[PDB]
Number of protein chains: 2
Amino acid sequence: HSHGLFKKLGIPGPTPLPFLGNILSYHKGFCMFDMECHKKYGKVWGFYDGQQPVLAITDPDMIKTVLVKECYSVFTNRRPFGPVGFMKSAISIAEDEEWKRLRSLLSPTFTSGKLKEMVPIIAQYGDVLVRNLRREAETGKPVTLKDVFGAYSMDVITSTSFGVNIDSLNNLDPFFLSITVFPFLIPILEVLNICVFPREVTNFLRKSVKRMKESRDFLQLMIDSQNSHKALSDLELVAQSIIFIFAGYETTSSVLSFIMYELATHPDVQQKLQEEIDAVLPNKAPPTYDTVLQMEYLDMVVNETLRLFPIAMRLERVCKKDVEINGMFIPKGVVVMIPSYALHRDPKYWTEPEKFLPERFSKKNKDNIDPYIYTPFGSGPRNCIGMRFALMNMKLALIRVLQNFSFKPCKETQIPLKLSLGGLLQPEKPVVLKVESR
Amino acid sequence: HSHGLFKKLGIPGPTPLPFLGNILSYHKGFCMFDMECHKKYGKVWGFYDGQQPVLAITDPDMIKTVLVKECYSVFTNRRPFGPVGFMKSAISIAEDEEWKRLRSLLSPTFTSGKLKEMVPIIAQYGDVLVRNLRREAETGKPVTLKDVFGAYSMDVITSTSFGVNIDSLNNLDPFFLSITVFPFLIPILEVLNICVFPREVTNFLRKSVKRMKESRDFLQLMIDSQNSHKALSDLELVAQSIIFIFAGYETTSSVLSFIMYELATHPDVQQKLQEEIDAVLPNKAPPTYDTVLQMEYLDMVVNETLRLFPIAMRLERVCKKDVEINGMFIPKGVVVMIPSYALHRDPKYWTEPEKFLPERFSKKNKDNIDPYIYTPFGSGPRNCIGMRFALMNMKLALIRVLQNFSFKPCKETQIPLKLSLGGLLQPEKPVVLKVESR
Ligand code: HEM
Ligand code: HEM
Ligand SMILES: O=C(CNC(=O)C(F)(F)F)N[C@H](CS[C@H](Cc1ccccc1)C(=O)NCCc1cccnc1)Cc1ccccc1
Ligand SMILES: O=C(CNC(=O)C(F)(F)F)N[C@H](CS[C@H](Cc1ccccc1)C(=O)NCCc1cccnc1)Cc1ccccc1
């Protein structure tokens, strides 16, 4: 029934099926479907997640309007995700004024100053990562990257969020598809006390927090925060910590795997990066905060990897009122979507876009890139609150790992890398590479 | 789970049962439960329709704050009623800016000027009401009032809304209880294309409207309206007409029955009213617009009946943001309720409140009544848009009916009147009275 909307608005798009919309086109993933629609339709098109109208926009002025200019007024919130339980109080899920408050209380936590104070604790677990890598390098047995990296990613998380310090390494799915064909079942589950975050994990940390709270990182800065608006609660403080672990876990690890695959399949870039790391940090010097920002080619590698593998795939905002933006009428309730992956690989902006070419982000060419076409961390008042931390975290990992080791493909290394057909931006097969000691 | 809210806020109220809240206390009706809570708790108290927190307020300053001062900002909408289908576009159901637009387009329809132009068409069907009454008066067979009145109420509706002219007389229930224990099933039904307004009635009028629309009252003024904002649609125009029929049907008839019962059980008031009607309209003169407003004692009878029988029972607003009003913090999502029936019978404001005493509204005493304690039509920007029309409609009915007939109780007349234990403000048994010709 709601499938007449875009037709009335005269916006092109694939014809929807009843009770499914256009969801059957997700068989090749969000990304392939985004690019095919970008090609066949042009600057704007609509489709239907079930009965939910989604409007893709690709014009950077319109993207700036949505993500920045009209954020507070119209496009404040992401599409209603649930069932979430108490995790409704987490910042990336909260809406309107509740989010606007949580953002203010959590923004000073992620300042450049606090991040610098976090570097030495991040610095220690690289040595763990190095020695755990050196144990597998002596063996030579080819390495699955998501393990060794995911262990390191966990080491940073538990340390940077709760002062807990562990050697972790030594110590489009069925449901969410059913969500968009039966989103009238979200409130069904909120009264059923079900949660996509098992009622045990949240229970574990909810009481684990109040142990550390009353026995005495992010938890510190957050506890210091609740010392205008209305300060911070105790259940809310737990929810944010959970959203920080989830955030920094499968993102820090996934990107670092994407980088090692790209460095291995481009040994020249690996050498030029190893040259820059050795020059600024002679004798495998311990990386510091300021030296990390000093390395431009390392930043060029990171951004180029994030261009080919934007973990988020898309950016979304719920249109809370009828609005006109840059000549286009958009009705209330519509989900406006910015196809990040499809823009990061648009030939109309990127020369040879399928190729890993760090020199696009050279200090010369970094000026030609539109910040509303390249958006690995989103943009506007509701961008990645942990952008600077994530970049610092990953760069500190790459530096110490390239001071000691070089990485070579193995016969099992999936060349070229095929992405996961599911709802996650991940490789089909895990990245397996050879680790050689310098 | 949501049952901890008021406890935290320190607001008193009945202790709720799981998965039911306090709904089992509706066995004696909304009204009896409201008065019992007013007595036992005082100025403010909360309770739970299932998991839904409802906050009753009784302080007129707070009532003015909710209904008037903070209407546009915070308390714009009534509690989400559904499943409604396309009737979501009807004004009494619409929310926020959509309602604010529908109100503007429909406000000039209900001006005092247009109402005066509607009187002669309303005047004609009183003669129908009189002659249909005279046929039953010759017989004398005691009369059930909701029939004869409901027929007249229909005659006004179809005439005042579509120019259709008929002699109609000659031509807390199970579901909504399940609504508040399973309100997570409202979106379940919106996708099931079910409706509490059968898919045939709405279908009947939706196509019946476009017949009269393309062949060529309220429909006229509305059609003239769609000739800023965005004008009016065709489906929306039908929805409003349906909400006008529903409005003016069981309300015009229910109140007029409540008035005849009260006039019959108080023959003195009936005589003093018949005296005023004869004096201003000698020789049973045809009532005019201006003469109706000239009659003060008739207005006193109407208001006093509406004090004892406020059809709406309660007034409700959904609190769309966290707010403080007159020293009381109110969290988001709470339903703020104004117990009209319980305030209209509060002895702390009304001397001998159970008694039918029109002299409370005498030009002398009408000054002492607080318009935030007496609210038969609500108050503020979202009051009864059809207040003036309804009063004019009912007064024109009473005048011509009292110029010709007098009304006496019968042995079957339920003295005293017992109200319906359900969710409607209606009598237990229908009102049966004796009709004598003057
Ligand atoms: C490579 C690493 C990361 C990438 C590429 C990334 C990217 C993004 C993107 C695209 C968004 C959505 C922006 C928008 O919708 O406009 C976002 C939001 C967010 N990110 Fe990240 N992120 C990364 C790491 C992190 C880390 C380490 C944290 C640690 C707390 C974090 C916390 C958040 C939060 C809380 C939000 C939601 C903010 C809000 O809703 O106000 N992210 N991120
Ligand atoms: C004895 C007759 C009537 C009584 C006692 C009455 C009373 C009320 C009350 C108490 C409200 C709610 C006010 C609030 O929540 O603040 C209301 C709203 C409303 N009434 Fe009436 N009413 C009567 C007749 C009518 C008639 C004849 C119409 C014809 C159109 C009508 C149309 C409406 C509408 C559309 C609303 C909702 C307005 C909005 O939501 O913006 N009513 N009425
Ligand atoms: O789009 C999708 C897929 N499918 C659907 O949602 C639909 F239901 F439709 F099927 N997932 C997300 C929205 S939930 C995501 C999971 C989460 C985890 C713990 C607690 C609560 C919630 C969350 O909120 N934070 C993650 C932290 C992060 C990760 C990466 C970068 N920065 C921060 C989209 C998203 C991505 C990035 C930022 C914000 C939102
Ligand atoms: O409260 C309750 C009972 N129970 C519950 O709602 C809960 F779901 F919770 F169980 N019903 C109403 C809210 S629906 C009511 C029905 C209706 C009819 C046709 C099309 C759509 C909707 C409507 O909207 N208009 C009526 C027109 C009117 C009648 C009388 C005076 N003026 C106007 C409360 C209400 C009363 C008065 C004005 C506004 C709202």
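So for A:176, B:405, fewest C-beta neighbours within 10 Å to most, what's the order? Display every interim value, and only then the final one.
Values: A:176 11, B:405 20.
Neighbour counts put them in this order, fewest first: A:176, B:405.
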| task | Would you mind listing how long chain A runs along its three principal axes, going by Cα atoms, in whole Å with the largest first? | result | 66, 55, 38
| field | Ellipticity estimate at 222 nm from DSSP helix runs (n ≥ 4, -39,500 (n - 2.57)) divided over chain A, nearest 500 | value | -14500 deg cm²/dmol
| message | At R0 = 30 Å, how high is the FRET efficiency between residue A:437 and residue A:116 if r is their beta carbon distance? Nearest 0.05 is fine. | response | 0.45
| field | In sequence order, calculated HN-Hα J values of the range A:351-366 (Karplus, 6.51, -1.76, 1.60; Hz; x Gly/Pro) | value | 6, 6, x, 6, 9, 7, 10, x, 5, 4, 9, 4, 3, 6, 8, 4
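Taking the Cα centre of the range B:333-438 as origin, work out the dipole magnitude from +1 charges on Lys and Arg Cβ and -1 charges on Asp and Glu Cβ, in debye rounded to 20. Walk me through the intermediate numbers first.
Details: 17 positive and 9 negative charges, 76 e Å.
So the magnitude is around 360 debye.
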| remark: The correct pair for the range B:225-316, radius of gyration to one decimal and Dmax as a whole number, both in Å and from Cα atoms, is 18.2, 53
| Starting at 0 and stepping by 5 Å, how many percent of the alpha carbon pairs of the range A:1-129 end up in each bin? | 2, 8, 12, 13, 15, 14, 12, 9, 7, 4, 2, 1, 0
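Under the rule a/c < 1.5 gives rounded, and otherwise a/b versus b/c splits prolate from oblate, where does the range A:283-322 land using the Cα gyration tensor?
Details: a/c = 4.48, a/b = 2.70, b/c = 1.66.
Here the range A:283-322 falls in the prolate category.
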| Put a point 7 Å out from Cα along the line to Cβ at residue B:428; what are the distances to that point in the other copies, in nm, shortest first? | 7.7
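Take the alpha carbon gyration tensor of the range B:348-407, find the square roots of its eigenvalues, order them as a ≥ b ≥ c, and report rounded if a/c is under 1.5; if not, report prolate when a/b exceeds b/c, else oblate. All intermediate terms of the calculation are to be shown ahead of the outcome.
Numbers: a/c = 2.50, a/b = 1.21, b/c = 2.06.
Since a/c reaches 1.5 but b/c is at least a/b, the shape of the range B:348-407 is classed as oblate.
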| query | Mean projection of the alpha-carbon convex hull of the range B:108-208 over all orientations, in nm²? | reply | 10.4
| query | Hey, got the average number of other protein chain Cβ atoms within 10 angstrom for residues in B:183-196? | reply | 3
| Tell me, what HN-Hα J-couplings in whole Hz come from the Karplus equation 6.51 cos²θ - 1.76 cosθ + 1.60 at θ = phi - 60° for each residue of the range B:83-96, using x for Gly and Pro? | x, 10, x, 5, 5, 4, 8, 7, 5, 5, 10, 5, 10, 6
| Using the Karplus equation 6.51 cos²θ - 1.76 cosθ + 1.60 (θ = phi - 60°), what ³J(HN,Hα) coupling, rounded to whole Hz, does each residue of the range A:252-268 give in order, writing x for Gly and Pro? | 4, 6, 5, 5, 4, 5, 4, 6, 5, 4, 5, 5, 5, 6, 9, x, 4
| query | How many angstrom lie between the C-alpha centres of the range A:264-293 and the range A:228-258? | reply | 29
| Exam field: residue B:119 pseudo-label spacings to other copies (7 Å along Cα-Cβ), nanometres | 8.5
| In a Debye calculation with equal point scatterers on the alpha-carbon sites of the protein assembly as shown and no solvent, what is log10 I(q)/I(0) at q = 0.09 Å⁻¹? | -0.99
| request: Starting from the Cα of residue A:208, step 7 Å along the direction of its Cβ; do the same at residue A:158; then give the gap between the two resulting points in nm. | output: 0.8
| Shortest first, in nm, what separates the label point of residue A:347 from those of the same position in the other copies (7 Å along Cα→Cβ)? | 8.8
| Total charge dipole magnitude, chain B, about the Cα centre, Cβ charges on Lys, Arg, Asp, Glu only, Debye to nearest 20 | 420
| task | Relative to the compact-globule scaling 2.2 N^0.38 Å, provide the ratio for the alpha-carbon radius of gyration of the range B:312-438. | result | 1.36
| request: Could you name the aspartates and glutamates whose alpha carbon sits less than 17 Å from that of residue A:230, not counting residues in the same chain fewer than 8 places away? | output: A:95, A:96, A:97, A:98, B:322, B:324
| note | Checked against the positive end of the charge dipole of chain A (+1 on Cβ of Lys and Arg, -1 on Cβ of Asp and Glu, about the Cα centre), the farthest of A:306, A:19, A:343 is A:19
| query | Can you put B:379, B:228 in order, fewest other beta carbons within 10 Å first? | reply | B:228, B:379
| note | Check: C-alpha center the range B:306-366 vs C-alpha center the range B:98-150, spacing in Å is 27
| message | Of A:132, A:35, A:104, which is farthest towards the positive pole of the range A:1-136's charge dipole, taken about the Cα centre with +1 and -1 on the beta-carbons of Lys, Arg and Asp, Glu respectively? | response | A:132
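Charges at C-beta only: +1 for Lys and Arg, -1 for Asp and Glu. How large is the resulting dipole of the protein assembly as shown about its Cα centre, in Debye rounded to 20?
Working: 108 positive and 94 negative charges, 43 e Å.
Around 200 debye, computed over the protein assembly as shown.
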| remark: With the dipole of the protein assembly as shown defined by +1 on each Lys or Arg Cβ and -1 on each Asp or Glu Cβ, the option from A:189, A:385, A:267 whose Cα lies farthest towards the positive pole is A:189
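Methodologically, a virtual Cβ is constructed for each residue, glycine included, from the backbone with ideal geometry; neighbour enumeration extends over all protein chains shown. Any read-out appearing in this document is the output of simple, stated calculations on the displayed coordinates, not a laboratory observation.
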